[PDB]
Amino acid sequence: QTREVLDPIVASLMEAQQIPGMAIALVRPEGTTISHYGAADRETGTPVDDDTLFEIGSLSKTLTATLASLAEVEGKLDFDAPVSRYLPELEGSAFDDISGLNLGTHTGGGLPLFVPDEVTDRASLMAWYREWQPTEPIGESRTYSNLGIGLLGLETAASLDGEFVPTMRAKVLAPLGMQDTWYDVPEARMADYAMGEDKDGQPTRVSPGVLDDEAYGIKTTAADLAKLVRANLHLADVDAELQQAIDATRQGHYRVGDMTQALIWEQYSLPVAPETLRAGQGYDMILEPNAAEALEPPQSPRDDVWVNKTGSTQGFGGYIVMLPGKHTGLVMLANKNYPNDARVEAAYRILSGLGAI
């Protein structure tokens, strides 16, 4: 059916990219279709199924954004306020001049991509933030930053008077029914935890690290990510405040060339060419500063857009696409870090084959 469109495209993709296993969710009005392909671990051959956990890498950032947005809806976090208003340990630093919004849109003054090696824990991280000098004009330049979205998670946790993961669990994951979503995979689920395969065909699994939970640490199922997508598409029955928080994550905040930066979510007006999508996931967007123009007639969530986010670790590659105007979404998780361009092509062919574009 829907499977007749999906199955050949994923077979072709997994063959071409030598991906051991995939889990895919297709979200539409009148329902969600879950499909599993291949092996969760190439070296045991254990199949991908309902319980298989995939590393989603930077897709974790969408959950971080959602929690921040919920704190904002609850009146506990002001997105345009200086981050030092909620983390007074950073008073007198650059974070007097950088907001939660800047952090959620990668416009925090050129804040760098990676946590530096001299930062090993929360104390050394805060010391590093206190000393750091902005290298770009705050709110006028975008640099993709684990440090920034990480700090947004810490700011959110402070504003909610709780710790990041328990707070995430209580306020976002549990209400969405995301009960297969883990920051630290329990012993009892280790048999479900897919093994990654890197670009050389070697097994690999993500290591813990500072700001891991906020930036890249989730292991989850396609089905759980589909719940977050369903809610984004107004197809879920969720509490009003959570729904509002989720809707606000899709508000466009900056124009960045052809891309609109929402709260972590990245979006494009329809029709969108795949080449534009590809440009969004390459060196020039991800590894250079890009000029960013605040959207000052501040836009409402749009119904005529391609909304997306990639996520990877060394051994995994995930992609989410949402088409709010079609009430359709796609979640693709793989245990190989395969090229972003191939993620775009496969998503586009699936969605075109389904008539959604």
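Residue positions are given as counts along the sequence shown, with the first one as 1. By rigid core we mean the largest C-alpha set that fits within 1.5 Å across both forms.
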property	result
Comparing 31-39 and 297-305 where Cα RMS over structures and residues is taken in 5 other deposited structures of this protein (core fit), larger one	297-305
Stretch with the higher entry mean CA B-factor, where the candidates are 303-311 and 289-297	289-297
Between 90-98 and 258-266 (mean CA B-factor, as deposited), the higher	90-98
Highest recorded Cα temperature factor - choice among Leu113, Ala158, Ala191, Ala226	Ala191
Residue with highest C-alpha B-factor in the PDB entry, from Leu242, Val272, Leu152, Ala231	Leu242
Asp284 - Cα temperature factor, lowest/middle/highest third of chain	lowest
CA B-factor placement of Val344, once the chain's modelled residues are sorted into thirds	lowest
Ranked C-alpha temperature factor of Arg250 among modelled chain residues, by third	middle
Third of chain Cα B-factors occupied by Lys199	highest
Third of the chain's Cα B-factor distribution that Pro29 belongs to, per the entry	highest
